[PDB]
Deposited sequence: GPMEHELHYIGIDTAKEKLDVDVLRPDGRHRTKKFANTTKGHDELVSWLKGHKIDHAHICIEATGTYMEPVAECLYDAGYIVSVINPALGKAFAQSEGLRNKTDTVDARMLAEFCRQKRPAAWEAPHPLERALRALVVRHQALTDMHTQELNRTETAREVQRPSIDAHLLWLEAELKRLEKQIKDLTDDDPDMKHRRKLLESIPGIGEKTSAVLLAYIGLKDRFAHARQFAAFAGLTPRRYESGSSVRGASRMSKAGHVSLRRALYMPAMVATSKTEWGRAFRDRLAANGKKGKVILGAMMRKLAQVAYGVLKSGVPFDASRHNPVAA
C-alpha cells in the first residue's frame, strides 16, 4: 500500500508518493481533465495499483481529481484543512510551500489512516446547492430591508424594485426545492418526517435534509449534533455555519409555541440558565432529535420527551 499526498491549487497539483520502502516520488500536474488522466497514467506507470490518497478540502478545486481517483479505484480521503495545519505543527515544520504540504499530507495519511471519502449522490449535491443559493438571496434581501430604514427618498425606488425581484426569486427557488424533494420518493418521505417535529417547517426541513443526505452516514444522533458545531467544549462552533444558523429561529419557535419545547425551556430555566443559553441547548436538541426521527422512520412522538 502506497501513501499519496496531493496539495491542490486552481491551476496545478503537487503530488507526493510515499513508497512502502520509504523513498518518495514527486511530480507536478495541471489541475484539468487532461492533467487528471496524466496523473492516473503516471501512478499506473510506476505500478501503483493500491494506494491511500490524502487531500485537503480546498474550495471546490480538489473535487474533480478526488472523483477521478475514486473512479480509478483508490482510497481517497478529503481531510479537514484544520487537522492538516495542526499536524504540520506536530511535525515541527518550519516552512509552508506546495511541495512541503504535499509531503506532509502523505505522512498524515500514513500515521493517522483517515476515513475514506465518498462522492455525494447527485440529488444531494443538487439539494445542497439550492439550499446554499436560497440562504445567499435571503441575506441579500435582509441587507436591502435594513436600508429602507434610513433610505433617502431618491434611493427608495431603487431599493423597492430590488426587493420585489429578490422576493420573486426566493419564491422560485422554494418551488425548485419542493419539486426536487417531491420527485425522489425517499426525500419526499424523509422531509415529511422532519416536518412532523414541532418547530421544524418547510425551510428548516430542506436545510436539515441537505446536510443529513439520503443514507444514514452518521452512526449516532449525537454525531450529527457535533457535525453542526452545536456541542459544548461555550459551543465548539466546529461545523457548518449554514446548518447551525438555520436552527436558531426554529429553536425560538419550539421553546415558546410548542408543548415539548416549553417543557425543555422550563426545566433549564429552573436550573438557572439565560435566554440564549437555553436557545443554544435547544438548537443542539433539534439537531439530535431530527436525526433520531429519521432513523426511527416514524413521525415525531412527543411522549419520548
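Positions of the deposited sequence absent from the coordinates, in order: 1-6, 240-251, 324-328.
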